[PDB]
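Have a look at the structure below, then the notes.
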Amino acid sequence: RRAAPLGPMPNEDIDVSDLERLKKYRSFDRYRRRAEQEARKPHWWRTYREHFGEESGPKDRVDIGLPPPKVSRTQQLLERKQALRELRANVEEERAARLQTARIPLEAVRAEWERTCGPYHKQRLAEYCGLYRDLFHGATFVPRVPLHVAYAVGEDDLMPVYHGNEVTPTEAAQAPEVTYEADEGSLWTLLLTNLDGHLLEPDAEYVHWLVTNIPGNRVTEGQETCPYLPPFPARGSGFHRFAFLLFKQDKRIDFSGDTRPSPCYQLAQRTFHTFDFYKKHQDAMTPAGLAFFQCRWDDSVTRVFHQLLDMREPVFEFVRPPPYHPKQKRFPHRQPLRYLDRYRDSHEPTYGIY
Amino acid sequence: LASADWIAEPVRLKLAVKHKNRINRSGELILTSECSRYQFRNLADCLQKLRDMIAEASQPXXXXXXXXXXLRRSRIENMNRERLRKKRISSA
């Protein structure tokens, strides 16, 4: 009994008559490439991608962006062609390249990455650590504006916060400084959220440091709502992630519901959903910059919980489910002696009536 | 720990350093025992751990030997976050 193949059968297209006149894969590498090309297409039969959780596969993106920067392409193409002409025709670069001596100027690369491609890498790096799922819940914002967050670890020492980097609570015991560039017509709102580590409510976060109504680059001049609170992870649970967000606002907005007491040590006072917050201010607020850092328990934390929050410090561990044993049988057949010890309740003799 | 006289001051202060994980906000050093179901042996285990912490602290010649097997990734990640911290500009 044969069924009818549904649509394309993988090799159907090639003509087996006269095999000598078909080109071949002479290279193992070519084969490799064509193979992966095939592995990426959506076949009509049960496949690896299907059962292994492709993260929903196709998703129709809710894009809340800052609109794509307007550029004429012919200008770019020409200027680039010319830059290439100038760069290649130089005998210095040829002599240097042949002898394996050259260096690429990392700072300028950082500048170009920032200017063009970087804002796209940001998107998928945020996607990686899931800065989207927990905050905007369906929605992707492309990080248009460059965001530099930094903690001062000494008089001369600056700790950078890059998206995805690991930082210690010690350096986060102090307030950060921020760099981004805007003229003054500007109106900004900046946010620092702890995306996991909420003890009572798994779907809720902790606003650490919230700032509102900022002209240009002036951070001191923006009205602050939540004064700065150093990250307070738990000893057990590893590697929380912290998100720095930027929003443009059109008219200066003031919101009393969001306002918090000045010292504000209590934890239930800080309970947050980026979702609801952005629902409240949605029309006037457009998401802009993104920078996040990953942090795990460190010595300074004990000082926090006791001194600030007047609370005992929680310690968590890792529990792996007890190894599965089949039902014990009255006469285990053909089993080692130690079989008896798999169903052992506890290790201690028990003399029952004795 | 601060109130216990039966331990000398150097012992007091160094048992408060290595063990700071089991110290309590009331200044309490907390020991836990489980295995036996006869509380006698549990007491013996706690008193033994206590004698071992006091012994290891009281012996000044202990070099606290570091294993590179569990801490290699820690040293690598530490160096790597050190290369980012290494940026030198006066801030604040």
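Order determines the names: the first chain of the structure tokens is A, the second B, and so forth; residues in each chain are numbered 1 upward, and ligands are numbered 1 upward as they are shown.
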
Worksheet item: Residues of chain B within 12 Å of chain A, using only C-alpha atoms, as number ranges by chain?
Response: B: 17, 20-27, 34-38, 74, 77-92

Practice prompt. Return as a ChimeraX atom specification the full set of residues in stretch 79-235 of chain A whose backbone-based DSSP assignment is alpha helix (DSSP H).
Written response: /A:79-88,91-98,106-115,118-128

Selection to disk with C-alpha atoms, as a JSON list (two decimals), in the first residue's frame:
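Okay, selection19.json is ready:
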```
[["chain", "number", "residue", "atom", "x", "y", "z"],
["A", 79, "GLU", "CA", 30.96, 57.56, -1.57],
["A", 80, "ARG", "CA", 31.75, 53.97, -0.59],
["A", 81, "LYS", "CA", 32.97, 53.00, -4.08],
["A", 82, "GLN", "CA", 35.27, 56.02, -3.99],
["A", 83, "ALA", "CA", 36.49, 55.29, -0.45],
["A", 84, "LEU", "CA", 37.34, 51.79, -1.69],
["A", 85, "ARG", "CA", 39.18, 53.22, -4.71],
["A", 86, "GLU", "CA", 41.26, 55.51, -2.51],
["A", 87, "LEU", "CA", 41.99, 52.75, 0.02],
["A", 88, "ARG", "CA", 42.92, 49.98, -2.42],
["A", 91, "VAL", "CA", 50.88, 50.79, -2.24],
["A", 92, "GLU", "CA", 51.35, 51.04, 1.53],
["A", 93, "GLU", "CA", 48.31, 48.85, 2.22],
["A", 94, "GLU", "CA", 49.36, 46.29, -0.41],
["A", 95, "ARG", "CA", 52.96, 45.98, 0.84],
["A", 96, "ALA", "CA", 51.64, 45.76, 4.40],
["A", 97, "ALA", "CA", 48.94, 43.21, 3.59],
["A", 98, "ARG", "CA", 51.27, 40.82, 1.72],
["A", 106, "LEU", "CA", 39.02, 49.12, 17.07],
["A", 107, "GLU", "CA", 37.74, 52.54, 18.18],
["A", 108, "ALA", "CA", 36.75, 53.58, 14.66],
["A", 109, "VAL", "CA", 35.12, 50.16, 14.19],
["A", 110, "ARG", "CA", 33.15, 50.90, 17.36],
["A", 111, "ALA", "CA", 32.13, 54.25, 15.83],
["A", 112, "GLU", "CA", 30.89, 52.65, 12.58],
["A", 113, "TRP", "CA", 29.21, 49.78, 14.41],
["A", 114, "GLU", "CA", 27.41, 52.40, 16.48],
["A", 115, "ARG", "CA", 26.47, 54.47, 13.40],
["A", 118, "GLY", "CA", 25.10, 47.93, 15.83],
["A", 119, "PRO", "CA", 21.49, 49.01, 16.49],
["A", 120, "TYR", "CA", 20.44, 45.85, 14.64],
["A", 121, "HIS", "CA", 22.76, 43.57, 16.63],
["A", 122, "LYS", "CA", 21.28, 45.12, 19.76],
["A", 123, "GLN", "CA", 17.87, 43.82, 18.70],
["A", 124, "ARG", "CA", 18.87, 40.17, 18.52],
["A", 125, "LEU", "CA", 21.13, 40.36, 21.57],
["A", 126, "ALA", "CA", 18.15, 41.66, 23.55],
["A", 127, "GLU", "CA", 16.12, 38.88, 21.94],
["A", 128, "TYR", "CA", 18.73, 36.42, 23.15]]
```

Worksheet item: Excluding same-chain residues fewer than 5 positions from stretch 224-228 of chain A, what lies within 10 Å of it counting only C-alpha atoms, as an MDAnalysis selection string?
Response: chainID A and resid 172:176 189:192 207:214 219 255:256 258:265 270

Could those residues be written to a file, using N, CA and C atoms, as a CSV table (one decimal), in the first residue's frame?
```
chain,number,residue,atom,x,y,z
A,172,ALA,N,27.8,48.3,41.5
A,172,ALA,CA,26.4,48.8,41.4
A,172,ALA,C,25.9,49.4,42.7
A,173,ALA,N,26.7,49.5,43.7
A,173,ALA,CA,26.4,50.0,45.0
A,173,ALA,C,26.3,51.6,44.9
A,174,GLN,N,26.8,52.1,43.8
A,174,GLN,CA,26.7,53.6,43.6
A,174,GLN,C,25.9,53.9,42.3
A,175,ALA,N,25.5,55.1,42.2
A,175,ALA,CA,24.7,55.5,41.0
A,175,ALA,C,25.5,55.7,39.8
A,176,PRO,N,25.0,55.3,38.6
A,176,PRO,CA,25.6,55.3,37.3
A,176,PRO,C,25.6,56.7,36.6
A,189,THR,N,12.8,60.1,29.1
A,189,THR,CA,12.6,59.3,30.3
A,189,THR,C,13.4,58.0,30.3
A,190,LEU,N,14.2,57.8,31.4
A,190,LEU,CA,15.1,56.7,31.5
A,190,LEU,C,14.7,55.7,32.6
A,191,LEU,N,14.9,54.5,32.4
A,191,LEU,CA,14.4,53.4,33.4
A,191,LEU,C,15.5,52.3,33.6
A,192,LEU,N,15.6,51.9,34.8
A,192,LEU,CA,16.4,50.7,35.1
A,192,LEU,C,15.6,49.7,35.9
A,207,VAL,N,11.5,48.1,39.8
A,207,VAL,CA,12.1,49.3,39.3
A,207,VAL,C,13.2,49.8,40.3
A,208,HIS,N,14.4,49.9,39.8
A,208,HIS,CA,15.5,50.3,40.7
A,208,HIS,C,15.7,51.8,40.6
A,209,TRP,N,15.9,52.3,39.5
A,209,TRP,CA,16.2,53.7,39.3
A,209,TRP,C,15.4,54.3,38.1
A,210,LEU,N,14.4,55.2,38.4
A,210,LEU,CA,13.5,55.8,37.5
A,210,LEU,C,13.6,57.3,37.4
A,211,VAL,N,13.8,57.8,36.2
A,211,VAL,CA,14.1,59.2,36.0
A,211,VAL,C,13.1,59.7,34.9
A,212,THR,N,12.6,61.0,35.0
A,212,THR,CA,11.6,61.5,34.2
A,212,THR,C,12.0,63.0,33.7
A,213,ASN,N,11.5,63.4,32.6
A,213,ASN,CA,11.6,64.8,32.1
A,213,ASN,C,13.0,65.3,32.0
A,214,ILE,N,13.7,64.8,31.0
A,214,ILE,CA,15.1,65.2,30.8
A,214,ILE,C,15.3,65.9,29.5
A,219,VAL,N,21.2,64.8,33.1
A,219,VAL,CA,20.6,63.8,33.9
A,219,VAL,C,20.2,64.3,35.3
A,255,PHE,N,3.4,62.3,36.3
A,255,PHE,CA,2.5,61.2,36.7
A,255,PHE,C,2.7,61.0,38.2
A,256,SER,N,1.6,61.2,38.9
A,256,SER,CA,1.6,61.1,40.4
A,256,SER,C,1.5,59.6,40.9
A,258,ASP,N,3.0,57.2,39.7
A,258,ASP,CA,4.3,56.6,39.6
A,258,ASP,C,5.3,57.1,40.7
A,259,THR,N,5.0,58.3,41.2
A,259,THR,CA,5.8,58.9,42.2
A,259,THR,C,6.0,58.1,43.5
A,260,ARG,N,7.2,58.0,44.0
A,260,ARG,CA,7.6,57.2,45.2
A,260,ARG,C,8.1,58.0,46.3
A,261,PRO,N,8.0,57.6,47.5
A,261,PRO,CA,8.6,58.3,48.7
A,261,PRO,C,10.2,58.4,48.5
A,262,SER,N,10.8,59.4,49.1
A,262,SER,CA,12.2,59.8,48.8
A,262,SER,C,13.2,58.7,49.3
A,263,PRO,N,13.2,58.3,50.6
A,263,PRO,CA,14.1,57.2,50.9
A,263,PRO,C,13.7,55.8,50.3
A,264,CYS,N,12.4,55.5,50.3
A,264,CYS,CA,11.8,54.3,49.7
A,264,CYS,C,12.6,53.0,49.8
A,265,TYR,N,12.8,52.5,51.0
A,265,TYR,CA,13.5,51.2,51.2
A,265,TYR,C,12.6,50.0,51.0
A,270,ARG,N,8.2,49.1,45.4
A,270,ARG,CA,8.7,48.9,44.0
A,270,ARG,C,8.1,47.5,43.5
```

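Omitting stretch 52-58 of chain B and its sequence neighbours fewer than 5 positions away, and counting only C-alpha atoms, the residues within 8 Å are residues 10, 11, 14 and 15 of chain B.
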
Practice prompt. List every residue of stretch 50-224 of chain A that DSSP, applied to the backbone of this structure, assigns to strand (DSSP E), and report them as a VMD selection string.
Written response: chain A and resid 62 to 63 139 to 140 148 to 152 158 to 161 165 to 166 177 to 179 188 to 194 206 to 214 223 to 224

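Nearest to residue A:285 of all the residues A:310, A:267, A:250, A:221 is A:250, based on only C-alpha atoms.
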
Practice prompt. Within 12 Å of residue A:182, counting only C-alpha atoms, which residues show up once you throw out same-chain ones fewer than 5 positions away? Write them as an NGL selection string, please.
Written response: :A and (145-147 or 187-188 or 214-218 or 248)

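Computed from the coordinates, the atom CA of residue B:12 to atom CA of residue B:28 distance equals 12.0 Å.
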
Discussion item. What's the separation between atom CA of residue A:61 and atom CA of residue A:139, in Å to one decimal place?
Written reply: 6.3 Å

Within 10 Å of stretch 5-8 of chain A, counting only C-alpha atoms, which residues show up once you throw out same-chain ones fewer than 2 positions away? Write them as a short mmCIF file (atom, residue, chain, number, x, y, z; two decimals) with N, CA and C atoms, in the first residue's frame, please.
```
data_model
loop_
_atom_site.label_atom_id
_atom_site.label_comp_id
_atom_site.auth_asym_id
_atom_site.auth_seq_id
_atom_site.Cartn_x
_atom_site.Cartn_y
_atom_site.Cartn_z
N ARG A 2 0.76 2.07 -1.05
CA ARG A 2 1.53 3.30 -1.14
C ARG A 2 0.65 4.54 -1.04
N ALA A 3 1.12 5.55 -0.32
CA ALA A 3 0.43 6.84 -0.30
C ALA A 3 1.00 7.73 -1.39
N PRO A 10 12.49 15.36 -2.17
CA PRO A 10 13.74 16.13 -2.14
C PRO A 10 14.65 16.04 -3.38
N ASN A 11 14.85 14.87 -3.95
CA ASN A 11 15.71 14.79 -5.13
C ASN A 11 15.00 14.74 -6.48
N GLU A 12 13.68 14.90 -6.49
CA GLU A 12 12.88 14.76 -7.71
C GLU A 12 13.36 15.60 -8.91
N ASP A 13 14.02 16.72 -8.63
CA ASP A 13 14.29 17.74 -9.65
C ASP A 13 15.42 17.39 -10.62
N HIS A 43 10.21 21.98 5.26
CA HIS A 43 9.74 20.77 4.58
C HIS A 43 8.35 20.31 5.05
N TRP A 44 7.71 19.45 4.25
CA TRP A 44 6.34 19.02 4.52
C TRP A 44 6.25 17.76 5.37
N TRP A 45 7.38 17.29 5.90
CA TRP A 45 7.42 16.08 6.72
C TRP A 45 7.95 16.43 8.12
#
```
